[PDB]
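Asks: Take this structure, written in structure tokens, and hold onto it; I'll ask about it next.
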Amino acid sequence: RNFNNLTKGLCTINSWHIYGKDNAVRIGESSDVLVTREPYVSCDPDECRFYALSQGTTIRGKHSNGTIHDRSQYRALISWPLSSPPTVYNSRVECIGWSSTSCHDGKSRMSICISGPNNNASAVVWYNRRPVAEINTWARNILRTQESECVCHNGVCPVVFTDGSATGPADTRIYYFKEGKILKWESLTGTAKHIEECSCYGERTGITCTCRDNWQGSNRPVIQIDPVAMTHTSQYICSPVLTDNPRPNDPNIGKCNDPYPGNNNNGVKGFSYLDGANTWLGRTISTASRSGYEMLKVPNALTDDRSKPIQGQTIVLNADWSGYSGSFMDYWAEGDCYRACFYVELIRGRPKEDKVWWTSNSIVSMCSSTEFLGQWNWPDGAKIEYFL
Amino acid sequence: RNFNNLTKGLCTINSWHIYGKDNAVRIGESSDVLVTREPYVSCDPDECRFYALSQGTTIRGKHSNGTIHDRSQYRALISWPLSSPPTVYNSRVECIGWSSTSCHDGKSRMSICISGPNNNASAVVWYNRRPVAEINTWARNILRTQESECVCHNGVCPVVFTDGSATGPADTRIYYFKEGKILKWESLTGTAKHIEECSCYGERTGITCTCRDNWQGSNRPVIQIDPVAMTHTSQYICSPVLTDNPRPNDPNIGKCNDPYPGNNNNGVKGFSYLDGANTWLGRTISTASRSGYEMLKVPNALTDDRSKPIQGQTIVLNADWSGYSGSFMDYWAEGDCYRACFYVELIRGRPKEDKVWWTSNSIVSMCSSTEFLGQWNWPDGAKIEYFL
Amino acid sequence: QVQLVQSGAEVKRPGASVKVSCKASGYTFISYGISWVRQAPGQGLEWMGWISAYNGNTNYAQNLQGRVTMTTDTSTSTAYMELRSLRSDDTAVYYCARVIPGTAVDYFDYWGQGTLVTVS
Amino acid sequence: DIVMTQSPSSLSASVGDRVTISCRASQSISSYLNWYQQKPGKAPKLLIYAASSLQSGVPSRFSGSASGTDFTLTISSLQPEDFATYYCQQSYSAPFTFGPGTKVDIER
Ligand SMILES: *[C@@H]1O[C@H](CO)[C@@H](O[C@@H]2O[C@H](CO)[C@@H](O[C@@H]3O[C@H](CO[C@H]4O[C@H](CO[C@H]5O[C@H](CO)[C@@H](O)[C@H](O)[C@@H]5O)[C@@H](O)[C@H](O[C@H]5O[C@H](CO)[C@@H](O)[C@H](O)[C@@H]5O)[C@@H]4O)[C@@H](O)[C@H](O[C@H]4O[C@H](CO)[C@@H](O)[C@H](O)[C@@H]4O[C@H]4O[C@H](CO)[C@@H](O)[C@H](O)[C@@H]4O[C@H]4O[C@H](CO)[C@@H](O)[C@H](O)[C@@H]4O)[C@@H]3O)[C@H](O)[C@H]2NC(C)=O)[C@H](O)[C@H]1NC(C)=O
Ligand SMILES: *[C@@H]1O[C@H](CO)[C@@H](O[C@@H]2O[C@H](CO)[C@@H](O[C@@H]3O[C@H](CO[C@H]4O[C@H](CO[C@H]5O[C@H](CO)[C@@H](O)[C@H](O)[C@@H]5O)[C@@H](O)[C@H](O[C@H]5O[C@H](CO)[C@@H](O)[C@H](O)[C@@H]5O)[C@@H]4O)[C@@H](O)[C@H](O[C@H]4O[C@H](CO)[C@@H](O)[C@H](O)[C@@H]4O[C@H]4O[C@H](CO)[C@@H](O)[C@H](O)[C@@H]4O[C@H]4O[C@H](CO)[C@@H](O)[C@H](O)[C@@H]4O)[C@@H]3O)[C@H](O)[C@H]2NC(C)=O)[C@H](O)[C@H]1NC(C)=O
Ligand SMILES: *[C@@H]1O[C@H](CO)[C@@H](O[C@@H]2O[C@H](CO)[C@@H](O)[C@H](O)[C@H]2NC(C)=O)[C@H](O)[C@H]1NC(C)=O
Ligand SMILES: *[C@@H]1O[C@H](CO)[C@@H](O[C@@H]2O[C@H](CO)[C@@H](O)[C@H](O)[C@H]2NC(C)=O)[C@H](O)[C@H]1NC(C)=O
Ligand SMILES: *[C@@H]1O[C@H](CO)[C@@H](O)[C@H](O)[C@H]1NC(C)=O
Ligand SMILES: *[C@@H]1O[C@H](CO)[C@@H](O)[C@H](O)[C@H]1NC(C)=O
């Protein structure tokens, strides 16, 4: 084979349709389904799989008590077939760690996992299922990464890493990897002030990443990466439509080179597709908590600070629970453009439901279409009562 | 394909990082995980798997009562994917017997299993999943072997076998196998006095094995094997750092051609990498029982009887449980050196915990790196209370 | 069980020599070194010397040189020490002991019961 | 002349009363110091070797450490059976030497 090259553009997005759904929590009521969190989706040339961080126990077991924690070090990155539940008998382990990212470059897969204490943390980069290279911690405070699919171009796969206070000016680095080796890295530049958990997609040469600002605002930062040059810039999405959670109620005028205030020290991972008049933004529906999910069509959201929605689609009702979301694309699909897709984590259990001692999620995913299709919401559908 | 040839050297070892972990005991609380003991790790050209001896029952079942025994003859050698638990629905059986060893020579896999009574015991050598050859017992007292990965060079795979009293001068033989056939064997020579359970790795032509002396001391014996010549020698590690368990407190001066006294008729399988200034030793932390686990960097430990540690890393705390440990390498990985790796068995249940009627283990494994990485301990993490 | 067993008490007149045996049991004799100390009544332990496990090279305390020799019989697992030209101030309990490296001195862990030699 | 002294030369303590005994070498013997226990009529017993390694079979009440050329042996509680003369041995270089010994008697 050869490496994937990001030469096609993005398809016109008129509406979204169901791509996949595992119903992991419903199934897990009476089967050996693993407790997971922080899912993402990724596709190889002939297969799509779900990825998630496992807590090392089934939902129904007794070790699910206390899985609310983000790291226990019993945590690992696993992968299982699209729309099947993450069961104990069908999952493959990619690597071990409490934070991760992965992707396929056209020849093989790269996976990165971060493990260890909050101080002496470390990252291990795997390629073709073997460890290749490692990165130690530099700011000594929770080394962390994307929790999403990475995007490669001609073998080069840029990855965003953060190290430092989550309520302060943490540092940031971008590493450029090839076959698991480190070719370069850069300190973060541009006007974004704080970056965590980037969601990236490639298009017509170049990678766009939507990331989160957990420090000062509701206008998510964007990193624009040139994988050939191995250079980058950053800014915020100008649109007055705010996309983080919790967030302020929308203003008339947004901001571009500075975060938009009112909700400090918080936020949720999310995504956007930035393409001029073909621009779409994702966000929760409630401004107070992680519930609901919708897609809005907002022309020129990246640069127009007065732009507003002209269309949209509901994915999850505000009556349902939501979670982290992010983007992905199948870069080996036939056609003259890439079909944009995204996923949403649906969180059940703690911290919102106190009737159980665990936390878990179901996965729902959507892909775009050029047709105008109808809409339906997609609750995880589990009865919490059945676990009580 | 062709046979694997041990032409590369050993990589510099500055620190260790997580390679894999199954969390078998935690998972087994509410799933069909098999009761196992005495694990090892082995890699084929495109895959790493865990190997262990199964007791033929799940942890949670009623036949787990009494699995404390080393042989029941319901025992078999099984193999399952790296970092997955050894479940009943995903394991492959390599062969049957209460003692075993295995490896891949570059074309196919060899597996050896020992079965039968303590008197009329026998070994069956399998290759490419068919029986090929057999060895009967010669000293009539528990024929036993390595419980670790074997190492092949140009198709020749040396294997260490012991037969005789475990508290006396048991005999020892080394067999040289090719495609499951016996080409040669030798009586043990050199100055080591008692050998059991060898852990071996190959490097830059030649195989080094660290073995255990269950009769007279805490300074583990070493076998140096020349696979081309099919000859060997033996000695003890000179270093004053003792590595067996139970063991005496460390002296200033060690011994080289005679075992180091104070703890007779006991010990645990372990390993070392002997490479001059790149030498590392593994051992338990407690001297009284099988708990904790650490790696020490001890230059010239093989020959310098006054050498001391200059660096080290904790893998398991002395507060946790430990078990047998051993070495392995991926000999098909790309690069100019072999990356050293090792595993540790984490034993839970009997004989230390009387609240359960079973015994079982979890597996944790590590690989070296040239980088200086931070450290974290790795408990199996099961709550015994959940099985009570 | 490791034990060291010494010869019983003897009385000598000055100018005489005395040979004190020490039989080993419970371990390979030739793998451990042997040393001796003596304790004169009311005194501490005076090192006499040390003999190497494999070659018998010996090392004698300086204040005793010219009067002392050490040897072993590996077929009987027995060590011997001999003093010559005894004086009344050589009265002491002589002890044999085993040393862990047999090729170096680092810790004498096993001791015999002691042999009392009186010179008069 | 490989020189070492003991301090206290003698002491006493009530049973259960924790004590410390020190030895001082002239030379930089490092870790090469062993401690022995001798009772009347008996060959000396070992307690500690290589400065701080306890000998198997020796009660956990015994411990020790060293700094510079100053070595100490101490106990937790004082055992009814540990009244003995204690000695340090310098194993660093031949001639091997012992300190004069420290006698711990019973407080009255
Ligand atoms: C079968 O399926 C189809 C496909 O799904 C269904 O059709 C969809 O129905 C949904 C219903 O929700 C629509 O979503 C809402 O869209 C409005 C925006 O309206 C746009 O579309 C109008 C339709 O007419 C034209 O276009 C159609 C497209 O083909 C065409 O066929 C038709 O002939 C015609 O051409 C336009 O008229 C409208 O533009 C007008 O107004 C502009 C304003 O300035 C003006 O400039 C234009 O010239 C023109 O005058 C526009 O194009 C969204 O506003 C709405 O989103 C709000 O409401 C939802 C409801 O829960 C909420 O979740 C969103 O967050 C948002 O909520 C606001 O209030 C919240 C209160 O707290 C606040 O928190 C939010 O942030 C938000 O805040 C408001 O104020 C701030 C600050 O001022 C501002 O920034 C915010 O934007 C907002 O104003 C939904 O997105 C679909 O678009 C529609 N899709 C299609 C393709 O038709 C169909 O119904 C299904 N059938 C059945 C039987 O079920
Ligand atoms: C983030 O991660 C990093 C990486 O993991 C962490 O750094 C690690 O921290 C651990 C802490 O445990 C260290 O392990 C211990 O190492 C000591 C040995 O010290 C070495 O390193 C010192 C450091 O300074 C120099 O090197 C660093 C390396 O890059 C360099 O950066 C720095 O600028 C400087 O260059 C050296 O100074 C020291 O040498 C000195 O002393 C020598 C003595 O003669 C002298 O010759 C030298 O010239 C020099 O003066 C040396 O290089 C180990 O001793 C220790 O192991 C003991 O303690 C652990 C604790 O549980 C125990 O488990 C071990 O078994 C062992 O325990 C002893 O006592 C037990 C009591 O019963 C006994 O049973 C044991 O057998 C053992 O016995 C003792 O006595 C016997 C007999 O006399 C003797 O044989 C034994 O050896 C022993 O003495 C640990 O291994 C890491 O090495 C360190 N790693 C690195 C790469 O830095 C970092 O802290 C993390 N950060 C955070 C925030 O967590
Ligand atoms: C999950 O773990 C918690 C923590 O141990 C258990 O809750 C404790 O139950 C004991 C029972 O007497 C109480 O005394 C503690 O105060 C409880 N702790 C808390 C934080 O409430 C809890 O019951 C476990 N849940 C399950 C389902 O096993
Ligand atoms: C595991 O097997 C043992 C052996 O049979 C069971 O223990 C016995 O239980 C009977 C019940 O009356 C006692 O009379 C025996 O003395 C017990 N034997 C021993 C060795 O204790 C044990 O209960 C079984 N455990 C489980 C979990 O089934
Ligand atoms: C990707 O683009 C680069 C540009 O130089 C080219 O060299 C490379 O061969 C392309 N890869 C493929 C698979 O076409
Ligand atoms: C391994 O080395 C031997 C040495 O004679 C050589 O003949 C053999 O072909 C080598 N194997 C490979 C795979 O190169």
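In the structure tokens, the first chain shown is A, the next is B, and so on; residue numbers restart at 1 for each chain, and ligands run from 1 in the order shown.
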Would you mind listing the residues within 9 Å of ligand 2, counting only C-alpha atoms and all ligand atoms, as JSON, numbers by chain?
Replies: {"A": [117, 119, 120, 121, 140], "B": [14, 15, 16, 239, 240, 241, 242, 248, 249, 250, 251, 252, 283, 284, 285, 286, 287, 292, 293, 294, 295, 296, 297, 298, 306, 307, 308, 309, 310, 311, 312, 313, 314, 317, 318, 372, 373, 374, 375, 376], "D": [31, 32, 50, 51, 52, 53, 54]}
Asks: Name the residues, by chain letter and number, that sit within 8 Å of ligand 4 using only C-alpha atoms and all ligand atoms, and give them as a VMD selection string.
Replies: chain B and resid 62 65 to 66 356 to 357
Asks: One number please: atom 55 (C, counted along the ligand's line) of ligand 1 to CA of residue 280 (chain A), in Å, one decimal.
Replies: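 Separation between atom 55 (C, counted along the ligand's line) of ligand 1 and CA of residue 280 (chain A): 13.3 Å.
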Asks: Please return as a list in words the residues found within 12 Å of ligand 3, counting only C-alpha atoms and all ligand atoms.
Replies: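 The residues near ligand 3 are residues 59, 60, 61, 62, 63, 64, 65, 66, 67, 68, 354, 355, 356, 357, 358, 387 and 388 of chain A; 383, 385 and 386 of chain B.
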Asks: Can you tell me which residues surround region 74-89 of chain C at a distance of at most 7 Å, considering only C-alpha atoms, apart from same-chain residues fewer than 6 positions away, and format the answer as a list in words?
Replies: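 Listing them by chain and then by number gives residues 14, 15, 16, 17, 18, 19, 20, 21, 22, 23, 24, 29, 30, 67, 68, 119 and 120 of chain C.
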Asks: Find the nearest atom pair between each residue of chain A and ligand 5 for residues within 9 Å, count only C-alpha atoms and all ligand atoms, give distances in Å to one decimal, sort rows by chain and ascending number, and present the table as a Markdown table.
Replies:
| residue | atom | partner | partner_atom_place_in_ligand_line | distance |
| --- | --- | --- | --- | --- |
| A:1 | CA | ligand 5 | 13 (C) | 8.2 |
| A:2 | CA | ligand 5 | 13 (C) | 5.0 |
| A:3 | CA | ligand 5 | 13 (C) | 4.7 |
| A:4 | CA | ligand 5 | 13 (C) | 5.5 |
| A:5 | CA | ligand 5 | 1 (C) | 4.9 |
| A:6 | CA | ligand 5 | 1 (C) | 7.8 |
| A:7 | CA | ligand 5 | 1 (C) | 8.2 |
| A:106 | CA | ligand 5 | 13 (C) | 8.3 |
| A:153 | CA | ligand 5 | 1 (C) | 7.2 |
| A:154 | CA | ligand 5 | 1 (C) | 4.9 |
| A:155 | CA | ligand 5 | 11 (N) | 8.6 |
| A:228 | CA | ligand 5 | 4 (C) | 8.4 |
Asks: Enumerate as a ChimeraX atom specification the residues belonging to chain C that approach chain D to within 12 Å, with only C-alpha atoms taken into account.
Replies: /C:4-6,35-39,41-50,58-64,93-101,104-116
Asks: Using DSSP on the backbone coordinates, identify the residues of region 47-163 of chain B assigned to strand (DSSP E); present them as a ChimeraX atom specification.
Replies: /B:47-58,76-81,92-96,99-104,109-115,122-127,130-136,156-163
Asks: Would you list the contacts of region 172-183 of chain A as a list in words, taking every protein, DNA or RNA residue within 7 Å and counting only C-alpha atoms, but skipping same-chain residues closer than 6 positions in sequence?
Replies: residues 110, 125, 126, 127, 132, 133, 155, 156, 157, 158, 159, 160, 161, 162 and 163 of chain A
Asks: Residues of chain C in helix (DSSP H, G or I) according to DSSP, as an NGL selection string?
Replies: :C and (29-31 or 62-64 or 88-90)
Asks: Restricted to N, CA, C and O atoms, what would the selected residues look like written as a PDB file, in the first residue's frame?
Replies:
ATOM      1  N   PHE C  29      32.395 -28.193  52.960  1.00  0.00           N
ATOM      2  CA  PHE C  29      33.533 -27.667  53.685  1.00  0.00           C
ATOM      3  C   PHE C  29      34.392 -26.757  52.856  1.00  0.00           C
ATOM      4  O   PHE C  29      34.736 -25.643  53.246  1.00  0.00           O
ATOM      5  N   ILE C  30      34.726 -27.224  51.680  1.00  0.00           N
ATOM      6  CA  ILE C  30      35.616 -26.495  50.799  1.00  0.00           C
ATOM      7  C   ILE C  30      35.046 -25.235  50.205  1.00  0.00           C
ATOM      8  O   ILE C  30      35.710 -24.617  49.389  1.00  0.00           O
ATOM      9  N   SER C  31      33.779 -24.925  50.438  1.00  0.00           N
ATOM     10  CA  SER C  31      33.258 -23.706  49.865  1.00  0.00           C
ATOM     11  C   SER C  31      33.321 -22.525  50.809  1.00  0.00           C
ATOM     12  O   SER C  31      33.025 -21.398  50.417  1.00  0.00           O
ATOM     13  N   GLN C  62      49.493 -10.530  62.621  1.00  0.00           N
ATOM     14  CA  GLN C  62      50.910 -10.216  62.706  1.00  0.00           C
ATOM     15  C   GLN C  62      51.575 -10.536  64.019  1.00  0.00           C
ATOM     16  O   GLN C  62      52.706 -11.014  64.050  1.00  0.00           O
ATOM     17  N   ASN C  63      50.868 -10.374  65.111  1.00  0.00           N
ATOM     18  CA  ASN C  63      51.464 -10.567  66.412  1.00  0.00           C
ATOM     19  C   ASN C  63      51.709 -12.020  66.754  1.00  0.00           C
ATOM     20  O   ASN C  63      52.289 -12.320  67.806  1.00  0.00           O
ATOM     21  N   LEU C  64      51.204 -12.908  65.909  1.00  0.00           N
ATOM     22  CA  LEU C  64      51.354 -14.321  66.093  1.00  0.00           C
ATOM     23  C   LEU C  64      52.329 -14.937  65.123  1.00  0.00           C
ATOM     24  O   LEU C  64      52.642 -16.132  65.228  1.00  0.00           O
ATOM     25  N   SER C  88      52.788 -18.817  78.698  1.00  0.00           N
ATOM     26  CA  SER C  88      51.653 -18.786  79.620  1.00  0.00           C
ATOM     27  C   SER C  88      50.573 -17.766  79.233  1.00  0.00           C
ATOM     28  O   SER C  88      49.373 -17.960  79.493  1.00  0.00           O
ATOM     29  N   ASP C  89      50.938 -16.735  78.482  1.00  0.00           N
ATOM     30  CA  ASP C  89      49.979 -15.734  78.091  1.00  0.00           C
ATOM     31  C   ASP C  89      49.225 -16.088  76.820  1.00  0.00           C
ATOM     32  O   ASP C  89      48.409 -15.304  76.336  1.00  0.00           O
ATOM     33  N   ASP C  90      49.413 -17.309  76.333  1.00  0.00           N
ATOM     34  CA  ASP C  90      48.662 -17.794  75.195  1.00  0.00           C
ATOM     35  C   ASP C  90      47.450 -18.543  75.718  1.00  0.00           C
ATOM     36  O   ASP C  90      46.686 -19.136  74.945  1.00  0.00           O
TER      37      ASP C  90
END
Asks: Using only C-alpha atoms, find the residues of chain B whose closest atom to chain A is at most 10 Å away, then write them as a PyMOL selection string.
Replies: chain B and resi 17-33+46-48+81-90+330+333-335+339+367-383+385-387
Asks: Show me, as a PyMOL selection string, the residues that have an atom within 10 Å of residue 196 (chain A) when counting only C-alpha atoms, minus same-chain residues fewer than 4 positions from it.
Replies: chain A and resi 144-147+160-163+166+170+172+210-215+221+267-269
Asks: Within 8 Å of residue 340 (chain B), counting only C-alpha atoms, which residues qualify if same-chain residues fewer than 4 places away don't, as a list in words?
Replies: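 Contacts, with the query itself left out: residues 10, 11, 13, 327, 328, 329, 367 and 368 of chain B.
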Asks: Residues of chain B no more than 7 Å from chain C, counting only C-alpha atoms: send them over as a list in words.
Replies: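 The contacting residues on chain B are residues 252, 253, 254 and 255 of chain B.
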Asks: Could the residues in this selection be saved with C-alpha atoms as an mmCIF file, in the first residue's frame?
Replies:
data_model
loop_
_atom_site.group_PDB
_atom_site.id
_atom_site.type_symbol
_atom_site.label_atom_id
_atom_site.label_comp_id
_atom_site.auth_asym_id
_atom_site.auth_seq_id
_atom_site.Cartn_x
_atom_site.Cartn_y
_atom_site.Cartn_z
ATOM 1 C CA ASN B 252 29.007 -6.524 51.023
ATOM 2 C CA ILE B 253 30.585 -9.322 49.031
ATOM 3 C CA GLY B 254 28.771 -11.851 46.852
ATOM 4 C CA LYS B 255 29.785 -15.264 45.431
#
